[PDB]
C-alpha cells in the first residue's frame, strides 16, 4: 500500500511557523549537533510530495539553494491557482482528501504531506494519514500558524515510538 506520511516540526504550543510563515525561531531552539536520520529515511520511501501553494513557494525560494529540493519526486500543488503542469509537477484544484484517495488507488510508493495546515488538517480529520512523525521543538512560540487548530472530529492514533535528538522530541504515531 501507498502510505501517507506527515513529517513536520512544531513548538510545544503546536505552532509550525510564526506570524510571517518564518521557521527560524524553531530552528534556533535545537540544542545539540547529533545527527538524526528520520528525514532521510522517510524521504527514501516516498515518490510523491503534496503541498499547498505557499509551501511550494517557500521551499523553492528559501529551502532550494541550487535547484528545487524535491525535483527528484512527483509534486502535487493543491491550490485554486491555475499553474502550468509538468511531468514532475501537477496543480490540483480539488480537495486534498480527493487527491489522496485517488493516489491510493494508483501504483507507487509512499506520499509525504509537507504542508501547510490547510492541506494537513483535512487529511488528519479524514483519518487518511498512515504515519505521523511529529517533532516538538523545546519552545513555546506564543503565536503564529497553528497545526491541528480545530479538526472537529476525534482521531485516535497509536504510539509506535518516541525519542529525543538535540532536545527535539520525535513522536511517531500510526493510524489506529
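Numbering follows the first chain given and starts at 1.
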Mean Cα B-factor comparison, 48 to 56 or 104 to 112, giving the higher one as deposited: 104 to 112
Using only C-alpha atoms and the B-factors in the entry, which stretch averages higher, 1 to 9 or 166 to 174? 1 to 9
If you check the C-alpha B-factor for each of 31, 150, 41, 146 in the entry, which is highest? 41
Among 120, 26, 133, 126, single out the one with the highest C-alpha B factor in the record, please. 26
Report the third (lowest, middle or highest) to which the CA temperature factor of residue 17 belongs, ranking only the modelled residues of the same chain. middle
Check where residue 74 lands among this chain's C-alpha B-factors and tell me if it's the lowest, middle or highest third. middle
